[PDB]
Each structure stands twice: as structure tokens, then as C-alpha cells.
There are 2 protein chains.
Amino acid sequence: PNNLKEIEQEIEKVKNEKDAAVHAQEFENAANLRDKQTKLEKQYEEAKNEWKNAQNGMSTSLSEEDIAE
Amino acid sequence: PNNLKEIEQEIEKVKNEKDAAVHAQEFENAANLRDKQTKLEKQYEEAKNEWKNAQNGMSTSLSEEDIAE
């Protein structure tokens with residue numbers, strides 16, 4: 001529901017930036033990048049947990065409209 | 001004469017310990033390690049250059065006292 005794609009992209013770009021900075025020997029910002037990545041991972045886990053709980057709370061019954069479509 | 005015997009040893013331990021801290025999510029001390037490693041690399045080049053500059057000028061000719069050895 002347009003909630004995990006953004007966090008996944010942010011984690012990917014943070015990882016790419018950290019990998020680029022590793023070759024350039026930049027550890028003063030590497031700690032900040034790692035902390036941001038960990039926070040984004042925690043937020044992604046929380047969002048996934050709440051989304052799966054909400055999905056499991058409801059029942060996806062099949063109606064005649066699906067067959068008609 | 002006990003010049004690069006210890007400088008190179010310091011570089012060796014910093015590099016290996018640096019990589020382990022990356023996977024251990026320990027960048028609090030890794031930031032200081034990168035600065036120390038960069039400084040040691042500069043010192044190694046300076047020490048090597050001054051050693052060869054003061055020795056390449058002189059020539060080491062043969063001596064008759066060691067021919068009979």
C-alpha cells in the first residue's frame with residue numbers, strides 16, 4: 001500500500017552511499033548512514049507488521065463482481 | 001634501524017580490525033581508525049623516501065678484506 005517501496009528505496013540508496021564511501025574512506029558519515037539505515041529497517045519492519053496484521057484482520061471473500069469482471 | 005619494523009606493524013593491525021568493525025556495526029571507534037590509518041600511510045611513504053635519498057648517492061664498492069672470506 002505504497003508504504004514499503006519508499007523505505008526499501010531509501011535503504012537501498014543508503015547502502016549504495018555507504019558502499020561508495022567505503023572505497024573513499026569516509027567513516028565520519030558512515031556511522032550516521034548506518035544509524036539511518038537501522039532506523040529505516042526498524043520502521044520497515046513495523047510497517048510490514050502492522051500491514052500484515054491489518055490484512056489478516058479482514059477476510060477476502062469472493063463476490064460475484066470478481067467473476068463478472 | 002627499528003624504523004619501519006614498527007610503523008608497518010601498526011598499519012597491519014589497523015586495517016584488519018577496521019574491516020571487522022564494519023560488519024559488527026561498531027563505527028564509534030572505526031572513525032578514529034580511518035584517520036589513524038591514513039596518517040600512518042603518509043608517514044610510511046615519507047620515511048621510505050628519505051631513506052633512499054640519503055643512500056642512493058653513495059656507492060658501495062668492493063673491498064679486498066672480504067674477498068678472501
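Before moving on, here are some points about what is shown:
- For first residues located in segment B:7-23 and without any contact (Cβ under 8 Å) to a residue 60 or more places away in the chain and over 13 Å from B:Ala47 (Cβ atoms), partners that are part of a helix (DSSP H, G or I) and polar (S, T, N, Q) and lie 6+ apart or on another chain with Cβ distances below 6 Å form the pairs B:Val14/B:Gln37.
- Residues that are part of a helix (DSSP H, G or I) and in contact with a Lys or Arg (Cβ under 8 Å, 6 or more places away or on another chain) were ranked within segment A:11-52; the one that is nearest to B:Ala31 (Cα to Cα) is A:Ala30.
- Number of the condition not met by B:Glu8 [criteria: (1) surrounded by 12 or more Cβ atoms within 10 Å (Cβ to Cβ); (2) part of a helix (DSSP H, G or I); (3) among the charged types (D, E, K, R); (4) within 14 Å of another protein chain (Cβ to nearest Cβ)]: (4)
- Conditions (1) surrounded by 10 or more Cβ atoms within 10 Å (Cβ to Cβ); (2) within 30 Å of A:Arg34 (Cα to Cα); number of the one not met by B:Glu50: (2)
- Selected residue (criterion: farthest from the other protein chains (Cβ to nearest Cβ)) from residues of segment B:17-31 that are within 23 Å of the chain's Cα centre (by Cα) and surrounded by fewer than 13 Cβ atoms within 10 Å (Cβ to Cβ): B:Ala20
Cβ sites come from the backbone with ideal geometry, for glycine too, and all protein chains shown count toward neighbours. Each reported figure results from applying straightforward, stated rules to the coordinates on display, with no laboratory input.
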